[PDB]
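J.: Handing you a structure now.
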Amino acid sequence: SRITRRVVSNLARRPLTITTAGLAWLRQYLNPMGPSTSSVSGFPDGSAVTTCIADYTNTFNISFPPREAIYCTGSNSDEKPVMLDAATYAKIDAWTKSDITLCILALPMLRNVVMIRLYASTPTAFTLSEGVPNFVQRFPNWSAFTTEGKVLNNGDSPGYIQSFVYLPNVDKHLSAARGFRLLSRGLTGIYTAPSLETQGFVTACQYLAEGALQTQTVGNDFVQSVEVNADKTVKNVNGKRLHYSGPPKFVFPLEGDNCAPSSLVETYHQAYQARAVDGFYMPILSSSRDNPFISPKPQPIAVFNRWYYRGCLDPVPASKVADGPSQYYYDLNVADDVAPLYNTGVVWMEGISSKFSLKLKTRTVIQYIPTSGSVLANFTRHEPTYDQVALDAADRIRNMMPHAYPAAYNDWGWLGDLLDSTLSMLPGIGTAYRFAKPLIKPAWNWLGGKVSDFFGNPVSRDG
Amino acid sequence: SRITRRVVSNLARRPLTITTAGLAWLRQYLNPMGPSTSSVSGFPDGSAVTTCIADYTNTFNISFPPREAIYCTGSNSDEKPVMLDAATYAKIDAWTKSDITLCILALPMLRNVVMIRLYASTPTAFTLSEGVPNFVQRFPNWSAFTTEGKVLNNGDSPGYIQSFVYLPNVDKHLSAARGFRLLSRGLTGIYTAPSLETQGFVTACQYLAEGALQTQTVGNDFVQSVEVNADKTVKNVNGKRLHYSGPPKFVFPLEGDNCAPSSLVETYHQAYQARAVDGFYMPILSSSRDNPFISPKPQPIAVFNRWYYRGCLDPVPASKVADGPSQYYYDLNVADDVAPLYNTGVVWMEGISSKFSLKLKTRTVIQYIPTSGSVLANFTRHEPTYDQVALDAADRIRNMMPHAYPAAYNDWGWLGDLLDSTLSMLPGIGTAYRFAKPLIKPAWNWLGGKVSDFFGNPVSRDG
Amino acid sequence: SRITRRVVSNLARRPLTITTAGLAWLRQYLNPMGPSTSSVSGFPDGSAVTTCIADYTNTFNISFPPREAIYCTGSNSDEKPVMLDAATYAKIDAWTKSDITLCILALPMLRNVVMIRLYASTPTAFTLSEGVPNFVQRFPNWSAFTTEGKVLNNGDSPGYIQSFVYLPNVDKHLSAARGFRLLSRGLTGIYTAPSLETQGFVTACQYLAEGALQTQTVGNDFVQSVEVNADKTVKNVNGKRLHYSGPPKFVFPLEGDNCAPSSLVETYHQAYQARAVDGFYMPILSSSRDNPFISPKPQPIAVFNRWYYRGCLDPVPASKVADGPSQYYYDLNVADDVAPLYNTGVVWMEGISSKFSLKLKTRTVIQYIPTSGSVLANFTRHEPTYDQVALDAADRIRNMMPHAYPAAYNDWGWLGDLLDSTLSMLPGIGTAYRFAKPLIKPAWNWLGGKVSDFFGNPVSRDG
């Protein structure tokens, strides 16, 4: 479409607009895994500090794991991880006859980029275990769970298996940086199954789940003061119930009943959905205007679900105010330098073939402030830039972008001018005199039929 | 004043300005209980998510409660609320001979919209009980307290009674929503007393009291490790003093000595004051630019007052650093999904007649993100809008608006053009070419005499 | 340079720009200790509330303290501070033969403005004591420490001495104000040593260290429930290990290994460095756009350093998740109404003569909201102003300003027009038509050689 702006470039001019660096950052942020892999650029805020920008590209081959890749998470595996017993693994192998459901939940955690789950059938809700599990395994090692969300011992009935995805280089770099900020993140799953078995539906959506450091009320009723005279007068023990704060932890609000595929596809406008063979490609979008540096702060991660006891909502006695609304936090038994303000993503793939293979790539771009004497200090860069109209454009476009795209759609045609279209009535400029394009309502029918982009031009998808 | 903008509309034009939706939201936000009751509109941020907007209008008839509406809050009422004894109620009835003082404190709590208090005479400070009270009653049930801020048993001397105002529909809806945000809130009290008894002075003011989730240091000195040999050697008990964190709670900073009517009317410019018969109407204004969604998070509410022990401010030994500045948090014995960033309001009415009647209405507009399967899902709406110049105008006008108005003044004449006047030198537009009005310093003498609005036009108040 | 804007004032005009009040605030904020001492102005946000602005100017004569000014911090000084023994003080006096290192760390604390340290030689890292020290002294009283970061008893080997700098008037005023906000802060050290002994290098830098209220996980293993029958059956004691939250405290993230002079001068662009005799002058810059009021909230201050135990990062058993990453918070044994969003400053002076004298002045400007009945109420002021283009300029200029200046450089020539230069392409105005100056890259070679300002004009430094 070169002739378009070849011929319309002589009708209007351009006031103060984005620089090339803010443009480069915005195109590595909206489309992290497109053509922007050639170069990386930092957050345009003029930090005026020595920073080093590191990108991590990782690939994994998710498949139905063999027996040796599974691990019990119950009591029988508390000093070391334990193989899944052959008798127990027979129940897992029973899932091979039918189809399965793959769940990929990407919290804004850096070391553990995503969390993978395999259900025999689509679950009603995204459950969790009450008790903290034992030795949460990382890919390619999995960790089974019971039919309901409880830890599993050998011989119990398994309902789903789980495995995080750990990036060791991110850990090594984060151990040696004063601060960091997640510049961009992108997931991409290319699904492929043996030919003539192509069933399955993929639905992907991202939403802000702003966790924070909180503590859980705990009551234990421990003894307080006992008096003795060398074992002759132990009459008073003075034990009493005490409510205190458990160890602090970073809690993520994500509600169990609402992570089902139907709830997400029906609640969120931009929740992408398509046939499984189309794959998926999710760029994770931030949820805030700014992006301050965070010093590396690792603490255990927990997830909040709906409370159980009404407690203080109704009038209650004085003694039981401490209990209040009994709200329970589930452990993930992992710790990470969580970076909030980024949307939590979630992808469901139901009906996929049992012996599928999901070829998953991930690109994560992080900006560090190195500690001198570390390796990060040898790759530093000191031409920081400031361009806040790019930040305003990022604030603009976050709502209008769809939540995911087909895997093959890693190439766009409407970046360099869509920013101009925003510039047109960007309120920062009273009249930008922009001739790029008038905005058109898009209709992305990714499942089938015609697909309309932001400007009504059909996409050339075929094979 | 139609002819004004009939004749001045031909001298200048208008650049990018507010839409109709941002206008509708701003007029339901500045004046929640005016003519904007016809329709409701959401926060203009382009959330692009399924939301449902619910408005709650409630009316209550505050009066001097009879005997059966009072309840002891001390130890004698710890398994169930207890009637106020007739002997104790005689002291309360003694307040009937003279005038009284009504205090209405509206924290940014959603379920418990306001908290009501009745003093025999204007208190020096807004006190609270040290110990958490028993069965904090809701309207129309009250809960007495001693002369000073201590819980009351039958036979003690009462100083003031208290009753929250609970909205059950808000509780039902909040139990079934992923997130929420308080769009607007407005209180209105129409005072009326028997004719020829019209004395009383009302002073109303709102101010940001930004509470947060904090914990209180608690020391208990509980035993740690005792060794025995079947009751022959209990020589060591090893008890020691330990300082830990109490259960987490949402603390509101509002200082006791500074809630007196004189302090508020003398400290705050816009603190409205008038004769009691004029009634009052307080729109609660937000204190922040944005308004993010909050997942329903109920925790007990506490209030902070001035600390007592200097502690670590002066040089202190190592062992007593944990105590530090002894700062005590008072319970309200209530839990609510508190929504910060909204100003805490407070209204005092001193000298009002004993058998007055305060007809109080409240309008609260909240935007939910429904959980599918709940009732909220059946009333949803998916035309979200974005208009950030309206948000900039809201940021502009917050300082200039007065804190309250007379009850009868629910109709304005300067909304549609005051926003234009802001637009004139809104820095977003270099030259807006606006002809609405030049800003004029207002002087609101609501107690008596002439009252000047934002443009010098007198208000037509008479009877 | 009057002729410059005498002759270039006839070529262009000026749209909406800063007022005189926003200008006055910005010049008391960027250069707190320049000519702006004539008058003080508040934060330009239109708070519309009674405020009183108080400035504190303090002077101190830091020198090598005599014996009576030192105090042990170990166990032998836990009921009262103890003189440093003559035998122990001999080791300190041994530092007189050689040069020394002075460290000045200014956290955004109000009562304790700075913290002073004296090392016999430049330390590898800015360490701290594991155990909380006893009676942290204030100037002119110091408090010794061991060679490594441990508290010192008489007879131990001393490594460095420490003394805070306490402002009592700030404490008195903060005890009687509803809220406050640090308008500006500036340090200035004029070093002077006997003539012919002028060696030493000063390096100064400031950086945001955003502390917050957090708690530390503590495990103690205290007994829970023991049953007896008057000392005949004590068979079960039921003690167990419990992890809870320690007392809440305000934690500052500042990493020990990275406060060395080389790390700061090599990591930060604007980290000022010069010969010691040149002195230093650090204006502390805020790190945020806004500056909300904070109610006086004193709590103990702690500092975070790199964690030790990996903990939950690798797969771990269920029982030991509570421990997680063992991260230890160091006490400073002080409490203050910390005001975050202000950069933590730090100045190192190595090689300075043993019997030097550092004449240190400090100017701190704070805006209070008085509590009526306090002294602050008698000096109040009610002409608040709003000028947000000044705030945008403050946001602009924060990155470009150097972190410190020579002590004698308390006079500038590029304030009134540099703001205009920002105005030129301030995106708020599409075309500001400003003729002040085109921006030029500065090169501050304060150690020696020519120094280039923001416009290339050399500074007239001589003697």
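Scheme for the structure tokens: letters A, B, ... for chains in order shown; per-chain residue numbers from 1; ligand numbers from 1 in order shown.
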If we count only C-alpha atoms, which residues of chain B reach to within 8 Å of chain C? Please list them as a VMD selection string.
T.: chain B and resid 214 to 218 222 to 226 228 230 to 231 243 to 245 253 255 258 263 267 to 270 312 to 318 321 to 322 324 to 325 399 to 400 425 427 to 430
J.: For the structure I just gave you, how does DSSP split region 184-358 of chain A - specifically, which residues are strand (DSSP E)? Reply as a VMD selection string.
T.: chain A and resid 184 to 192 201 to 207 212 to 214 217 to 219 243 to 245 249 to 253 272 to 275 280 to 284 299 to 304 329 to 336 344 to 352 357 to 358
J.: Quick one: pull the distance between CA of residue 41 (chain B) and CA of residue 396 (chain A), Å, one decimal.
T.: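 CA of residue 396 (chain A) lies 20.5 Å from CA of residue 41 (chain B).
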J.: When DSSP works through the backbone of this structure, what residues of region 123-360 of chain A end up as alpha helix (DSSP H), shown as a ChimeraX atom specification?
T.: /A:168-174,261-267
J.: What separation in Å, quoted to one decimal, exists between CA of residue 209 (chain C) and CA of residue 338 (chain A)?
T.: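 Atom-to-atom, CA of residue 209 (chain C) and CA of residue 338 (chain A) are spaced 18.0 Å apart.
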J.: Counting only C-alpha atoms, what is within 8 Å of region 122-129 of chain B, bar same-chain residues fewer than 3 positions away, as a ChimeraX atom specification?
T.: /B:100-101,119,132-133,148-151,256-260,330-331,350
J.: Hey, what's within 12 Å of region 90-98 of chain B if we count only C-alpha atoms and toss same-chain stuff fewer than 2 positions away? As an NGL selection string, please?
T.: :B and (63-67 or 70 or 84-88 or 100-101 or 118-121 or 143-147 or 154-161 or 197 or 199 or 350-356)
J.: Any chance you can output those residues with N, CA and C atoms as a short mmCIF file (atom, residue, chain, number, x, y, z; two decimals), in the first residue's frame?
T.:
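Final output, saved to part-v7.cif:
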```cif
data_model
loop_
_atom_site.label_atom_id
_atom_site.label_comp_id
_atom_site.auth_asym_id
_atom_site.auth_seq_id
_atom_site.Cartn_x
_atom_site.Cartn_y
_atom_site.Cartn_z
N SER B 63 -34.65 9.91 63.42
CA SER B 63 -35.38 10.58 64.49
C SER B 63 -34.79 10.12 65.81
N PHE B 64 -35.24 10.75 66.89
CA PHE B 64 -34.79 10.30 68.19
C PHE B 64 -35.38 8.93 68.46
N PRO B 65 -34.57 7.86 68.48
CA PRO B 65 -35.15 6.52 68.50
C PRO B 65 -35.82 6.24 69.83
N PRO B 66 -36.86 5.41 69.83
CA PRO B 66 -37.45 4.98 71.10
C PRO B 66 -36.56 4.00 71.83
N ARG B 67 -37.03 3.46 72.95
CA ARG B 67 -36.18 2.64 73.80
C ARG B 67 -35.74 1.36 73.09
N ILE B 70 -32.34 0.86 70.84
CA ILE B 70 -31.00 1.04 71.38
C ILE B 70 -30.47 -0.31 71.85
N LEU B 84 -31.58 -1.63 75.70
CA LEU B 84 -31.11 -0.66 76.68
C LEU B 84 -32.08 -0.64 77.85
N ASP B 85 -31.55 -0.74 79.07
CA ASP B 85 -32.40 -0.79 80.25
C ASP B 85 -33.15 0.52 80.41
N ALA B 86 -34.34 0.43 81.01
CA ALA B 86 -35.15 1.63 81.21
C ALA B 86 -34.43 2.64 82.09
N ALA B 87 -33.73 2.16 83.12
CA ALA B 87 -32.95 3.05 83.97
C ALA B 87 -31.87 3.76 83.17
N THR B 88 -31.14 3.02 82.34
CA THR B 88 -30.14 3.64 81.48
C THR B 88 -30.80 4.55 80.45
N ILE B 100 -29.64 18.83 70.74
CA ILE B 100 -28.73 17.72 70.53
C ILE B 100 -27.80 18.05 69.37
N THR B 101 -26.91 17.11 69.06
CA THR B 101 -25.98 17.26 67.95
C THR B 101 -25.99 15.97 67.14
N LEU B 118 -25.42 10.60 67.69
CA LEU B 118 -26.28 11.56 68.38
C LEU B 118 -25.67 11.89 69.73
N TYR B 119 -25.15 13.10 69.87
CA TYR B 119 -24.58 13.57 71.12
C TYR B 119 -25.56 14.48 71.83
N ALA B 120 -25.52 14.45 73.16
CA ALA B 120 -26.31 15.39 73.94
C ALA B 120 -25.86 16.83 73.72
N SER B 121 -24.58 17.02 73.43
CA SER B 121 -24.03 18.32 73.09
C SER B 121 -22.82 18.11 72.21
N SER B 143 -26.83 1.86 68.85
CA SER B 143 -25.92 1.19 69.78
C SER B 143 -25.25 2.25 70.63
N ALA B 144 -25.56 2.27 71.92
CA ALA B 144 -25.13 3.33 72.81
C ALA B 144 -23.65 3.20 73.15
N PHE B 145 -23.12 4.28 73.73
CA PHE B 145 -21.74 4.32 74.21
C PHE B 145 -21.70 5.20 75.45
N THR B 146 -20.63 5.06 76.22
CA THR B 146 -20.51 5.81 77.47
C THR B 146 -20.29 7.30 77.18
N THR B 147 -20.15 8.08 78.25
CA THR B 147 -19.91 9.51 78.10
C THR B 147 -18.63 9.77 77.32
N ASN B 154 -25.44 -1.88 80.73
CA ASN B 154 -26.62 -1.33 81.36
C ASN B 154 -26.26 -0.71 82.71
N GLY B 155 -26.74 0.51 82.94
CA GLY B 155 -26.46 1.24 84.16
C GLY B 155 -25.39 2.30 84.03
N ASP B 156 -24.55 2.22 83.00
CA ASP B 156 -23.52 3.23 82.80
C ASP B 156 -24.12 4.51 82.24
N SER B 157 -23.34 5.58 82.31
CA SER B 157 -23.79 6.87 81.80
C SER B 157 -23.56 6.94 80.30
N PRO B 158 -24.60 7.19 79.49
CA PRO B 158 -24.42 7.24 78.04
C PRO B 158 -24.07 8.63 77.54
N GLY B 159 -23.17 8.66 76.56
CA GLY B 159 -22.73 9.90 75.97
C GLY B 159 -23.22 10.11 74.55
N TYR B 160 -23.29 9.05 73.76
CA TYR B 160 -23.79 9.15 72.40
C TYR B 160 -24.21 7.78 71.91
N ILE B 161 -25.12 7.78 70.95
CA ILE B 161 -25.59 6.56 70.30
C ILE B 161 -25.14 6.58 68.85
N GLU B 197 -39.76 25.81 66.13
CA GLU B 197 -38.51 25.28 66.67
C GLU B 197 -37.61 24.94 65.48
N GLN B 199 -34.15 26.10 65.30
CA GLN B 199 -32.75 26.40 65.59
C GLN B 199 -31.85 25.26 65.14
N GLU B 350 -25.55 20.97 64.93
CA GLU B 350 -25.62 21.22 66.36
C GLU B 350 -26.83 22.09 66.69
N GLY B 351 -27.37 21.89 67.89
CA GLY B 351 -28.47 22.70 68.34
C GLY B 351 -29.81 22.30 67.78
N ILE B 352 -29.87 21.26 66.95
CA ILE B 352 -31.14 20.85 66.36
C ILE B 352 -32.09 20.40 67.46
N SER B 353 -33.39 20.52 67.19
CA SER B 353 -34.39 20.19 68.18
C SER B 353 -34.34 18.70 68.52
N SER B 354 -34.77 18.37 69.74
CA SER B 354 -34.65 17.00 70.22
C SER B 354 -35.51 16.05 69.40
N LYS B 355 -36.75 16.43 69.11
CA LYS B 355 -37.66 15.61 68.32
C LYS B 355 -37.72 16.05 66.87
N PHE B 356 -36.56 16.42 66.34
CA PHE B 356 -36.38 16.67 64.92
C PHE B 356 -36.72 15.43 64.10
#
```
J.: Give me, as a ChimeraX atom specification, all polymer residues having an atom no more than 10 Å from residue 34 (chain C), counting only C-alpha atoms and skipping those fewer than 4 positions away in the same chain.
T.: /C:27-28,30,38,186,409-412
J.: Near residue 183 (chain B), within 9 Å and counting only C-alpha atoms, which residues show up once chain neighbours fewer than 4 positions away are dropped, as a CSV table (one decimal) with N, CA, C and O atoms, in the first residue's frame?
T.:
```csv
chain,number,residue,atom,x,y,z
B,25,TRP,N,-21.5,11.5,32.1
B,25,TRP,CA,-20.8,11.0,33.3
B,25,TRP,C,-20.4,12.1,34.2
B,25,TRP,O,-20.5,12.0,35.4
B,28,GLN,N,-23.3,13.2,36.0
B,28,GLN,CA,-23.8,12.4,37.1
B,28,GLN,C,-22.7,12.3,38.2
B,28,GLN,O,-23.1,11.8,39.3
B,29,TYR,N,-21.5,12.8,38.0
B,29,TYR,CA,-20.5,12.7,39.0
B,29,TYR,C,-20.4,14.0,39.9
B,29,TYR,O,-20.3,13.9,41.1
B,41,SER,N,-24.5,6.7,33.1
B,41,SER,CA,-23.4,6.4,32.2
B,41,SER,C,-22.1,6.0,32.9
B,41,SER,O,-21.9,6.5,34.1
B,42,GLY,N,-21.3,5.2,32.3
B,42,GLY,CA,-20.1,4.7,32.9
B,42,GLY,C,-18.9,5.6,32.9
B,42,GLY,O,-19.0,6.7,32.3
B,43,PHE,N,-17.9,5.2,33.5
B,43,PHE,CA,-16.6,5.9,33.5
B,43,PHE,C,-16.0,6.0,32.1
B,43,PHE,O,-15.9,4.9,31.5
B,53,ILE,N,-24.2,-1.0,35.1
B,53,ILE,CA,-24.2,0.2,36.0
B,53,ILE,C,-25.4,0.1,36.8
B,53,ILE,O,-26.6,0.1,36.2
B,291,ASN,N,-9.8,5.8,37.9
B,291,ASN,CA,-10.7,5.1,38.7
B,291,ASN,C,-10.7,3.6,38.3
B,291,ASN,O,-11.6,3.1,37.6
B,364,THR,N,-26.2,6.3,45.1
B,364,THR,CA,-24.8,5.7,44.8
B,364,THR,C,-24.9,4.9,43.5
B,364,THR,O,-25.7,4.0,43.3
B,365,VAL,N,-23.9,5.3,42.6
B,365,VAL,CA,-23.9,4.7,41.3
B,365,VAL,C,-22.6,4.0,41.2
B,365,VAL,O,-21.5,4.5,41.3
B,366,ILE,N,-22.7,2.7,40.9
B,366,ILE,CA,-21.5,1.7,40.9
B,366,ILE,C,-21.5,1.0,39.6
B,366,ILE,O,-22.6,0.5,39.1
B,367,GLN,N,-20.4,0.8,39.0
B,367,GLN,CA,-20.2,0.0,37.7
B,367,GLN,C,-19.5,-1.3,38.1
B,367,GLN,O,-18.4,-1.3,38.6
```
J.: With only C-alpha atoms as the basis for distance, which of A:11, A:72, A:26, A:264 is at the shortest distance from residue 152 (chain A)?
T.: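 Smallest separation from residue 152 (chain A) among the options: A:72.
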J.: Considering only C-alpha atoms, return as a short mmCIF file (atom, residue, chain, number, x, y, z; two decimals) with N, CA and C atoms, in the first residue's frame whatever protein or nucleic-acid residues lie within 7 Å of residue 453 (chain A), sequence-local ones (same chain, fewer than 4 positions apart) excluded.
T.:
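Saved the output as part-v4.cif:
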```
data_model
loop_
_atom_site.label_atom_id
_atom_site.label_comp_id
_atom_site.auth_asym_id
_atom_site.auth_seq_id
_atom_site.Cartn_x
_atom_site.Cartn_y
_atom_site.Cartn_z
N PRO A 442 -13.65 -2.57 13.46
CA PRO A 442 -13.23 -3.89 12.97
C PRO A 442 -14.11 -5.01 13.49
N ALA A 443 -14.16 -6.09 12.71
CA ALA A 443 -14.93 -7.29 13.04
C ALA A 443 -14.06 -8.50 12.72
N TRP A 444 -13.42 -9.06 13.75
CA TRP A 444 -12.48 -10.16 13.58
C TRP A 444 -13.24 -11.48 13.76
N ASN A 457 -9.80 -3.67 5.27
CA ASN A 457 -9.08 -4.43 4.26
C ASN A 457 -9.01 -5.90 4.66
N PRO A 458 -9.49 -6.82 3.83
CA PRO A 458 -9.42 -8.24 4.20
C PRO A 458 -7.99 -8.73 4.28
#
```
J.: Mind pulling up the distance from CA of residue 340 (chain A) to CA of residue 326 (chain C)?
T.: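 Separation of CA of residue 326 (chain C) and CA of residue 340 (chain A): 22.1 Å.
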